[PDB]
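Down below is the structure, laid out as structure tokens.
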Amino acid sequence: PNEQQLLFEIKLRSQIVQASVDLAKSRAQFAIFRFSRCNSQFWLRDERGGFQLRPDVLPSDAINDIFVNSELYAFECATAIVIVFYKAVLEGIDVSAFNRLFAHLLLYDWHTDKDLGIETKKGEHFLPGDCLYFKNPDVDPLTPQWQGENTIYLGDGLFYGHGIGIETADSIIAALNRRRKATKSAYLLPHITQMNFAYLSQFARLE
């Protein structure tokens, strides 16, 4: 690990937590993909309910708009993860690189993203800014919205979950454990999902 990339990474984690707090206190709503909503000034809803960047707008304006016109947006908690990641990257890298690199951004979930190098690894030593998944294996088939919750760890034992809020792991596991059948409790997957800091560090703003 390079010194510049070591420092870029911890600074970006701070911007991920800030972006989570901003989105948590925004007016953006929870919706499933089937009923997702976005501001048509910037985004086109695609066949699957993802948000497709319009060809005649800047990526930086469109991402920022999710926080400015948050009232106009409704999305899944998996989509919230990618939104917070891009917002944090927007604050940490040169905007001209942002608008070049992410020029035809399509927001669905972290699995469909390409531009950020998002990968999941086995591990329990997560840090603020990491994406953690709480699985609810005995979910109520009535409401499949509660198979689980994608969250961002914020520090201080606090997690951001879109549609839930800023809660401890206990409340998250609790709130899930009723929308169930059951035997098994909702639990924290021993996985860590995170962007590729070293790759992104080459576009850092100079301070």
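What the sequence shown shows, in PDB author numbering, is residues 40 to 220, 223 to 248, in sequence order.
Idealized CB from N, CA, C, for every residue including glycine.
Item                                                                                                                                          : Value
Buried or exposed: where does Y125 fall if 16 or more other Cβ atoms within 10 Å of its Cβ makes it buried?                                   : buried
Extract the residue ranges of the alpha helix (DSSP H) inside the region 85-112, only unbroken runs of 4 or more that lie entirely within it. : 98-107
Let's see if you can read the secondary structure: which residues bound the alpha helix (DSSP H) around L129?                                 : 116-131
Since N78 and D104 are thought to touch, with beta carbons under 8 Å apart, how far apart are those beta carbons, to the nearest angstrom?    : 6 Å
Just the C-alpha distance for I205 and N41, rounded to the nearest angstrom, thanks.                                                          : 33 Å
According to DSSP, is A142 part of a helix, a strand, or is it coil?                                                                          : coil
Identify whether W185 lies in helix, strand or coil by the three-state DSSP scheme.                                                           : helix
Rounded to a whole number of angstroms, what is the C-alpha to C-alpha distance between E163 and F47?                                         : 22 Å
Let's see if you can read the secondary structure: which residues bound the alpha helix (DSSP H) around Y240?                                 : 238-241
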